[PDB]
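Note that the protein sequences, when read in sequence, are chains 1, 1', 1'', 2, 2' and 2''. A prime marks a further copy of an entry chain. The numbering of the first sequence is the authors' numbering, which starts it at 1 and goes up by one. The numbering of the second sequence is the authors' numbering, which starts it at 1 and goes up by one. The numbering of the third sequence is the authors' numbering, which starts it at 1 and goes up by one. The numbering of the fourth sequence is the authors' numbering, which starts it at 5 and goes up by one. The numbering of the fifth sequence is the authors' numbering, which starts it at 5 and goes up by one. The numbering of the sixth sequence is the authors' numbering, which starts it at 5 and goes up by one. The beta carbon of each residue, even a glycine, is placed where N, CA and C say it ideally should be.
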Amino acid sequence: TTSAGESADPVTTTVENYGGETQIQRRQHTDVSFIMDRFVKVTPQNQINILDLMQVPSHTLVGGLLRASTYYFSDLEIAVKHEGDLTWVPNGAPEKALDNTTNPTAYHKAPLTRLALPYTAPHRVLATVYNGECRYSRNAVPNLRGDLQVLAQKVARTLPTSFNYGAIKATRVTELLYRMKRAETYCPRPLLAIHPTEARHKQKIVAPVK
Amino acid sequence: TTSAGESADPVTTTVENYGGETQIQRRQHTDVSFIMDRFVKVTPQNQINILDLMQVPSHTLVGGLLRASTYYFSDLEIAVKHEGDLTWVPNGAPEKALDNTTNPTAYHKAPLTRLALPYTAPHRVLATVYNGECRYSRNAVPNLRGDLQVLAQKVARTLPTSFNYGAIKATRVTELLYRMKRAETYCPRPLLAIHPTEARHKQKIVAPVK
Amino acid sequence: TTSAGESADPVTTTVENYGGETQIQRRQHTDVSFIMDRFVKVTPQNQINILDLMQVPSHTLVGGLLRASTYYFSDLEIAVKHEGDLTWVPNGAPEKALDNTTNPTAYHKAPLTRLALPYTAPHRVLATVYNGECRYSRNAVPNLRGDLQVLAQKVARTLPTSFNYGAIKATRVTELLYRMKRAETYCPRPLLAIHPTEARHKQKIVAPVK
Amino acid sequence: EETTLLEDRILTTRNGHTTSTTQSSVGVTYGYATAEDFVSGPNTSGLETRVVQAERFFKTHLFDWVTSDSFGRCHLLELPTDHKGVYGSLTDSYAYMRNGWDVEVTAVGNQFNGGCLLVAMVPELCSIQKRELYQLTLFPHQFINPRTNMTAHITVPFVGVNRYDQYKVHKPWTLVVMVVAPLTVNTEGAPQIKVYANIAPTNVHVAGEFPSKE
Amino acid sequence: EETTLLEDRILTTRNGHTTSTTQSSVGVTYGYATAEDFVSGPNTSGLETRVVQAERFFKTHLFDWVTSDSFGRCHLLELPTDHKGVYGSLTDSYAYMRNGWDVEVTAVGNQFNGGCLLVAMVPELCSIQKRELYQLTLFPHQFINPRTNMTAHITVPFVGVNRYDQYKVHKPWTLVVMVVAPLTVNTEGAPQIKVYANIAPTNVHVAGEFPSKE
Amino acid sequence: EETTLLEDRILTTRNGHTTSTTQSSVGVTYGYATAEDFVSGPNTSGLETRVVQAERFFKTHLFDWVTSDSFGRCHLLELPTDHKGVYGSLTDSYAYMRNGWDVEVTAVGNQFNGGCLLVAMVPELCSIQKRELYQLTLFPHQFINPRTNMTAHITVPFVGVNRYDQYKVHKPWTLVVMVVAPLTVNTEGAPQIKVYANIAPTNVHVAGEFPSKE
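Have a look at this one:
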């Protein structure tokens, strides 16, 4: 079909335009709740770990797809391999609270601890990217204009301190995995495949035996 | 609004286009009958005066506005300051009739004489401007073509002899004023304000006292 | 009227567009059946004559108008002036059949023989022009592409052998005329008047006496 | 208006056995009225007649619009003008006449020209000062602006202090074409635009038949 | 027609799994008929079959329209021509065939070109004298004129003295493109216009299957 | 779309006592929603107010599109930017604010230019790698392509992790104009195209009134 390309109104043609037939599609696997709901390993800190979803590497399935949203919501599960007992403290806690056992503490039971945690941030939703500051006592943020170069001022910014699901602490934490529960994603952002050197990106794919 | 500018179809926008509100207007003062209906002084001839509205100076309100019409109709009032008795004679009269008192003659009564006169011309309407001749015995008028220069042939033309409201005569007429009664105007023609030297034409306007 | 010239959709204006009036027309004379239905002389062969309508000279009325069609159908009348007896044989006959009298033979009766003959070809219709060959044992015809020059290969082609109304034979045939009966014409082709040297082609037209 | 590079604002005017068609129309301007007033008055004593054979288009060249003409350059044509056809012969066979005018003015260059023409029908045009040209839109008019159109069409009635005229001594109407913005030709416009009028008298009535010269 | 600098006379033709779309359409010309006549006659004894897989567009270059070509310069294409696809293979697998033609001819320059092309579908074209070119409009045709359009579309049926043809010895149709007014390029037109045909056979029927060479 | 050499895709947007009209419209793009979400939540304790006097167009120059700019040349404008009018004074009189944006971007050359601009409204734009520019169409956008249009119009709501913002420390939206195909001027295009934004805040709500400096 011809259309006005400048418009931005989505145009979806079908193989019927030249005598084919559109088939049925079952899209259960590209549903945000389902695909986000699997564990992903993170490299832990020896002892204090603040629970921050932006810790999962950007190349992973969950890191890739979490960064393709601007704002998101979820509850959380973690599974942790640790020495001693594991204490978790909600968003907003003083870090010295990590040492008090009335705060949710799980006693060591081999091989690991898996916990269901609530969303505790003070915000209706959290963001993978945030164009601003949370420290007050500063000078105002500039209203930047210019080309892409102008965006290099922002690289030393850390995401607001309120963007976390609390923190956990144990004597040694050896392994940490996150799993997003009931996930919601808003405002898509770029998702990048590997860029090939060749005409086609080629990989050894799993094939029979000999 | 946008429109086709070449058209000539009147386009009247309102302040509503950006959220204003058009008010009511009372236009009783720019009504032709009302505005034309006031006396205007003319410079009289010592004795015979033919009553010709084109005698009122073009800069006056009534001269300005009478010349902004091509054809017009009205009855007339005159007020005249004169020595002796004032005789008036209709359109078409021999000038020697001005000396015969059975023709409307007003006997001197201080300070002035004001008279209601009928329209007497032989034409359904009169014109402030007329592109032609009334003398027959001539050669035909040319069909001019060319630019504005071509119009300079016409400057020695006097308006047809039939374009008058008669004539009046007294021993000395000192002051003459005309007043158009029941005026009708057809086919508008240009009305010119003063051209300023400066950005705005400035005048002493009537202000309080000190 | 204006129209889209590129279209090819016929546009027939009338004198009504500027206040005239279209009259009635009686077109009985440009009806194909009527105009084709008159005898036309052909130059005969001394003895065997195959009956082939493309023998009538292209400049004649019937030759002119028969070549302005691609495909045609008709029955036929011939009138023949001949010595001896005239035998006719249908389309598809061996030429030696022309000598056997059980085939339609007309015995000499002065001054001439006029015969009604059926269409006998094996084709639903015949053609004045045919872009191909009827001999098999050849090599395939080319698919020509190019300008008008390319058409010069075809000049040595004779119309298929099946395109005839049989043949007649007499001891001497002196005069032969054909007349198309019940004619049908399909797909018009060019009809050319004489090209004048002058602005108008002028001829002595039949006028009174002196 | 209507479509791609050229246009369907398409008008055919008919006057007698003559037609004129434009594809860049913009419409017609009716001046002062939609109909003539009464054609049969006291001054002709029932002796007047319509002569329908004169109601048709005749043509004249007006001027050549060139890049050196400035705002206020005018070309006037007083009406009636010389007509060597049946309208023209009426003016020599009858003492009194009246007719309105159906006027069509053309300025064909192409759509890569710029500049603008005002065409107007002025009654009793005896003189026009320069400053008054700013108010020429007071009169029945239409513009010719290359980017939009090439034709102006004004239809105007008979006007006058008298119901029938004597055209050998008085000219009721003047066609005026005025340059409001100077012609621009850029790399692709027409080097100049010739301006032509196609005029039809409408409703012609005559009274008072003259002798011959026999 | 429809809108500003470019256009909405917009046609999509489908033949098989192939489509063609123009935005400068002008319509299609149907030649001699709206439908084919009977496909199943006595001469095939009920043995004929339709082969729908051949009904689709194939393409060939015709010529390059340049400023030196004069009125009457022609390019003929006899039909059927060489086809290296499934239509082409039918002519070597069956003794008798019949099909009409859906023809689409393109001449893209731009709207600043001038000149004019007549495209026509002529039956049994054996010879054409120069003077007859003035009557080529007798045949199913359409023009290509740059200021209006870039595509011609003619749809024509099977014609012939016989209901099924033998295409190895007879060519029923010739596509002819003729220059009626020479190409003008001015400062902004395309320096020349290449002319291409996009042709689809329609209603192809075959009868009489040949041996192989095995 | 609609007609000959120029066009009737004609839109007038009104925001307050300010209007903007284009004759080459293409429509408006609504981003992420058709309405704002709730303006009155728990975080303002019923103390918020709408200030309708700030909902109107202000203007800024963005950049000059020239033939040497290549695919991926961008110009960002973070929103809100400096406003020296009543919107600008709100940011110094109230601690918390929220508003969406009605955005109009212009690139006027003429229809003989070529090349293409993508205009987009991106939330939380902190960084954009070169390869991600191939997916900028993920965001609320519209193109400016000379042969079709000169205006882009995007209308977007307030977005954020919080229902009211503090604009002195956070910028929710960035207008980005990106060159997708380089400008071509040929013999008749505009030598370069200046790009301008006409932006109106929509639905502005403020809460938390500051002291003065008195």
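The alpha helix (DSSP H) spanning residue i covers which residue range?
i: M180 (chain 1); result: Counting along the chain, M180 (chain 1) falls outside any alpha helix (DSSP H), though it belongs to the beta strand (DSSP E) covering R172 to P188.
i: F34 (chain 1''); result: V32 to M36
i: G104 (chain 2''); result: Segment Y98 to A111 is the beta strand (DSSP E) holding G104 (chain 2''); no alpha helix (DSSP H) there.
i: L66 (chain 1''); result: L61 to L66
With DSSP collapsed to three states, give me the class of residue i.
i: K63 (chain 2); result: strand
i: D99 (chain 1); result: helix
i: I203 (chain 2); result: strand
i: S74 (chain 2); result: coil
i: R135 (chain 2'); result: helix
i: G92 (chain 2); result: helix
i: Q153 (chain 1); result: helix
i: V80 (chain 1); result: strand
i: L159 (chain 1''); result: coil
If you draw a straight line from the C-alpha of residue i to the C-alpha of residue j, how long is it?
i: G193 (chain 2''); j: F116 (chain 2''); result: 4 Å
i: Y91 (chain 2); j: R60 (chain 2); result: 9 Å
i: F73 (chain 1); j: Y119 (chain 1); result: 8 Å
i: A110 (chain 1); j: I48 (chain 1); result: 20 Å
i: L112 (chain 1'); j: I78 (chain 1'); result: 10 Å
i: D37 (chain 1''); j: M180 (chain 1''); result: 5 Å
i: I168 (chain 1'); j: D9 (chain 1'); result: 47 Å
i: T64 (chain 2''); j: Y200 (chain 2''); result: 6 Å
i: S49 (chain 2''); j: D41 (chain 2''); result: 17 Å
i: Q55 (chain 1); j: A97 (chain 1); result: 22 Å
i: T141 (chain 2'); j: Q196 (chain 2'); result: 25 Å
i: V180 (chain 2); j: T7 (chain 2''); result: 31 Å
i: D96 (chain 2); j: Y168 (chain 2); result: 15 Å
i: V160 (chain 2); j: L83 (chain 2); result: 12 Å
So which residues of chain 2' does residue i contact, with C-beta pairs closer than 8 Å?
i: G19 (chain 1); result: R18, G20 and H21
Within the continuous beta strand (DSSP E) that includes residue i, where are the two ends?
i: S24 (chain 2); result: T22 to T26
i: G118 (chain 2); result: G118 to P127
i: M182 (chain 2''); result: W177 to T188
i: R114 (chain 1'); result: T113 to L117
i: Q23 (chain 1); result: Note, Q23 (chain 1): premise wrong, no beta strand (DSSP E); not H, not E.
i: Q146 (chain 2''); result: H145 to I148
i: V40 (chain 1''); result: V40 to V42
i: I194 (chain 1'); result: Run containing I194 (chain 1'): none; DSSP gives neither H nor E here.
i: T191 (chain 2'); result: Note, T191 (chain 2'): premise wrong, no beta strand (DSSP E); not H, not E.
Residue i versus chain 1: which residues are under 7 Å apart at the beta carbon?
i: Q139 (chain 2''); result: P190
What does residue i reach in chain 2 if we use C-beta pairs closer than 9 Å?
i: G64 (chain 1'); result: Neighbours of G64 (chain 1') on chain 2: none; closest Cβ ~13 Å, over 9 Å.
Note down, in chain order, every chain 2 residue with its Cβ under 8 Å from the Cβ of residue i.
i: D12 (chain 2''); result: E5
Name, please, each residue of chain 1 whose Cβ falls closer than 8 Å to the Cβ of residue i.
i: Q27 (chain 2'); result: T2
Using a C-beta to C-beta distance shorter than 7 Å, which residues of chain 2 count as neighbours of residue i?
i: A8 (chain 1'); result: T33, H145 and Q146
Check the Cβ of residue i against every Cβ in chain 2' and list those closer than 7 Å, keeping chain order.
i: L9 (chain 2); result: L9 and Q115
i: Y71 (chain 1''); result: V165
Quick check: is the beta carbon of residue i nearer than 7 Å to any beta carbon in chain A?
i: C78 (chain 2''); result: Among the protein chains in the structure shown, which are 1, 1', 1'', 2, 2' and 2'', there is no chain A.
Starting from the beta carbon of residue i, find every residue of chain 1' whose beta carbon is closer than 9 Å, and list them in chain order.
i: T152 (chain 2); result: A4, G5 and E6
Q) Between the stretch 152-164 of chain 1' and the stretch 116-128 of chain 1', are three or more C-beta pairs nearer than 8 Å? A) yes
Q. Does the pairing of the stretch 45-56 of chain 2'' with the stretch 209-216 of chain 2'' give three or more beta-carbon distances under 8 Å?
A. yes
Q) Is the stretch 58-76 of chain 2' close to the stretch 183-192 of chain 2', with three or more CB pairs under 8 Å? A) yes
Q | Stretch pair the stretch 84-94 of chain 1 + the stretch 192-200 of chain 1: three plus CB contacts closer than 8 Å | A | no
Q: Could you say if the stretch 144-152 of chain 2 and the stretch 79-86 of chain 2 meet the contact criterion of at least three C-beta pairs nearer than 8 Å?
A: no
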